[PDB]
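Notes follow the structure.
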Protein chains: 2
Amino acid sequence: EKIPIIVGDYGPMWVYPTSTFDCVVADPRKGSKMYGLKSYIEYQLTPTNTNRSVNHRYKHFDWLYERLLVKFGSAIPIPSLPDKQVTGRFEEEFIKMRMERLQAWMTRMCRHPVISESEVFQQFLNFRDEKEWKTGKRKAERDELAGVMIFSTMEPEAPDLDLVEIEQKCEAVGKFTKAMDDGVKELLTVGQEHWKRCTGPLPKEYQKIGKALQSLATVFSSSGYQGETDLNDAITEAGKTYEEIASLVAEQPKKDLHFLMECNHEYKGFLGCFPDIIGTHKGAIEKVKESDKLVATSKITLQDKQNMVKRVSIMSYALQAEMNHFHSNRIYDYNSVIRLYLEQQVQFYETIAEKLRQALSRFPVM
Amino acid sequence: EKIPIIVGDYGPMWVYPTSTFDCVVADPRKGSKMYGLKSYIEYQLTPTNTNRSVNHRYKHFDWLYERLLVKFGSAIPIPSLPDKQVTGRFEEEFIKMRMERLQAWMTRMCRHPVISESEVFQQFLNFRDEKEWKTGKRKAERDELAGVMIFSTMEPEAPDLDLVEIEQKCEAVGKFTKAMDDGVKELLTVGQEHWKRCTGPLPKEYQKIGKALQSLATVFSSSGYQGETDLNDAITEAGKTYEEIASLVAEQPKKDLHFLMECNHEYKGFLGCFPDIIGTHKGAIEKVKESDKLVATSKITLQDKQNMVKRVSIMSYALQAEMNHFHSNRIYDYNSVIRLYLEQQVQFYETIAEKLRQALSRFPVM
């Protein structure tokens, strides 16, 4: 099973294929298994590498998830699959957001140099027989090259680093991830906090204003003063213009804030995984310090000792390999969502301004 | 003393001069009257009609106020002079807002067809000797043509109106003013409410955001990942950009909301003069209903009766005359402040947008 690690300017990294490939997930189908009124939803996965489509119910993705988690979980963070919700198994909204989350989940895997070209993931996609599948699902479940053993399939195209060099790279990752986790948890709180404020009390204000104005115009109109008519219209419109800004405001987070939040959630997810991934490397590095203590107590041999080293190094490269894939994608992701949030923001203010500028051009120069 | 009332399409109205004139008030001077460390502030009133300047301490305006109130108070609402404040007699802020309120107060009087061309108001302005003034202040205080008597100087260039027609115009004014008063009191509340929200909790938010972002960039920068540098700068700047929006926001009401509020206060003031002002007329109209009852009880004569009528009509024309001056100016005033508030609003949103659009363009492109 080929899992190579090469070095570079940025340091170790996986070998990214030259012939990249993604995958689409849509067309919420409906399929069946004698139970009466209990038909599970089925999605369609259309790879790009070969155009040959396939179907999969949510339960199969969960299955896929556990496999990937069990197989590489000790080295590669595995994207979280969405929760198992409010018993709303059948309408527009539900399938939509779920299919949205599955789409993003699939693309993550497809983009991963190591996962995307594994047997389990691959066979998960390209399969014809309704039984050619059962065979794979079976082969998958008996693959003992999982857990820590996955490192046994990795081949570093570089020298050894002592136990020392290993422990150090471990600490580093552990300090970055904890830091970024703490950092994203805030960005998430203020955002959720700002969100809650733009969809609630803020609109009501512009709503109270716009109404306050309109009632006043109504009062002037009862004045019964010769020589007026033009103003009460300008006023009344200003109010209605404000009411629309109330709507525009209360309906904006769904166009920008939302994406910024989602991106952060996805990442809070990757981060939540390091607590585990880091405890295993720590134990591994700690177990390699006893090498000397062991060799002297005549428990193992120098060859056994030297293996423990060349072996725990592979671990680092894999956790070096994984981070390098992380950072790579982190930098791309935040640069796109922020770029997106701002753009939407801009248009937002620009739009409001134009709305005011209109009600304005209704009041004479005097 | 000429105080004529003519009729028109809109009905009775004062005779507005053809050669209009305003007056400026600025340059907070400092005068002295041997008390030691007790020098009262003095303002400078520069009429436009003749360019000859004059000085006046606040105490003199109060004096002017009482005179105008005593003289025409039974027919013309007299703008309120600002309160007598927090014992902060000497700095930037205080004199500024006070001088602002005096300026607007003077312009109100200058714009009034009846007040502007009265002896007391006029002499208040154009006077040379430090004694030529004492003479006027003296002449003013002995003018018995005040209170109800002011109507004796009014000349209606129109026929007589009957008690019925009178009571009706009275009710009307009473219903409009009460209505508009109630209406402006709200516009004032939401505004004060919106104000308090833009100078407090709202900025703190954009402040928390901008900081949340900046801490996060700080965390990424500790990552120690080969292949990044450009993003943490874009992020950190976005935060600082938000902090500036916090300032911009918390500092906006002073540029628009403020004028809109002030205009409403001034008017809440005219309205508060309600009452008094339409229950001398109310009493007058009520006293004219007893005309018949009297003439029959042989208390007065038909000639006496017919006088009461032609006489209470003059009152209406003078009042009616007052409203027509009110509405006239009301329509101009609201059309200018609203026009002003919007314009400022527009620029506000336009500015914020431009600020975002900048942090946006810090975007790479990768």
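Chain A uses Swiss-Prot numbers throughout; the residues present, in order, are 230-595.
Placed from the backbone N, Cα and C atoms, the Cβ positions cover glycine too.
When A:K288, A:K414, A:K539, A:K584 are compared with the annotations in Swiss-Prot, the one labelled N6-acetyllysine turns out to be A:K288. When Cβ atoms from all protein chains are considered, those within 10 Å of A:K288 (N6-acetyllysine) total 11, not counting its own. For A:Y239 (phosphotyrosine), the same-chain residues 6+ apart in sequence whose C-beta sits under 8 angstroms from its C-beta are A:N553. Reduced to three states, the DSSP call for A:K288 (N6-acetyllysine) is helix.
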